[PDB]
Amino acid sequence: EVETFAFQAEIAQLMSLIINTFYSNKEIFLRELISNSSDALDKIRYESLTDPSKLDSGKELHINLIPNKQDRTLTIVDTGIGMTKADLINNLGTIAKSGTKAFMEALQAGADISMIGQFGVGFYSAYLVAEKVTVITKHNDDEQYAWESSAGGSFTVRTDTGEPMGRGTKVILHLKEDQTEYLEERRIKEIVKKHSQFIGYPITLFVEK
Ligand SMILES: Nc1ccccc1OC1CCOCC1
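In this note's numbering, the protein residues as written are 4 to 212.
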């Protein structure tokens, strides 16, 4: 059972700008997703300070980067707070309507796409490199759900029957044909060292057979 939703007009416009603007510095997508994961880990850590049972769904707080050349996917896994179904539908827990408004005013006033994270909509920078994005998520207060969009103005949400996650979020980037450099170990390490050196959680880059 799959529910199909229309993006709010402003979010559709944000995604088409990201997809269509000529902009070579695409590697910042990874910094934005890692920073989102760090924010989600901060949230569950703060909740656990006063309620240790919040970590019954998993005590480890970390970020994994899993490239898969056979599937042409890069997956960013975190064990953060996760998102409820309502969160997913409401622009993946972001204030994306007002953030898009500010971002596009900034762009016409000198800014570039790399500053997207300052406006709270850094998730959508995934579409700099991915033709499709799947988000699998589990929050302590809800069931496991899968969000998916190939842009084009709509997204789907369904209950996830895949491998149970415990708690957290998985962002699966189905990469564009000409963006497979982001599956190469040396390129991913370079980007993590350049842009994510002060993230306060272990970031593990998986290797492939
Ligand atoms: N981790 C994550 C993955 C994909 C989209 C958003 C994400 O973070 C949001 C905002 C911070 O924490 C709550 C959920």
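Just so it is clear, CB atoms sit at the ideal spot from N, CA and C, and this is done for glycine as well.
For the beta strand (DSSP E) assignment, the uninterrupted runs of no fewer than 3 residues enclosed by the segment 67-132 are, from N- to C-terminal side, 76-81. In the DSSP assignment, the residues bridged to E6 are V160.
DSSP places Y49 within a helical segment (H, G or I) once states are collapsed to three. Residue environment: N28 is assigned as exposed (fewer than 16 neighbouring CB atoms within 10 Å of its CB, all protein chains considered).
Between ligand 1 and the CB of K100, the shortest heavy atom gap is not smaller than 7 angstroms. In the displayed model, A154 falls within coil according to three-state DSSP, outside both helix and strand. Listed in chain order, the alpha helix (DSSP H) runs fully inside the segment 13-51 amount to none, counting runs of at least 4 residues.
DSSP, read as helix, strand or coil, puts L58 in helix.
Residue pairing for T183: DSSP places it in no beta bridge. In the assembly as shown, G203 is an exposed residue. Its beta-carbon has fewer than 16 other beta-carbons within 10 Å. Fewer than three beta-carbon pairs drawn from the segment 144-159 and the segment 50-57 are found closer than 8 angstroms, and the two stretches are therefore not classed as touching. Rounded to the nearest whole angstrom, the CA to CA distance from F122 to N39 is 12 angstroms. Excluding the 5 residues flanking it on each side, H142 has same chain C-beta neighbours closer than 6 angstroms at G85, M86 and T87, in chain order.
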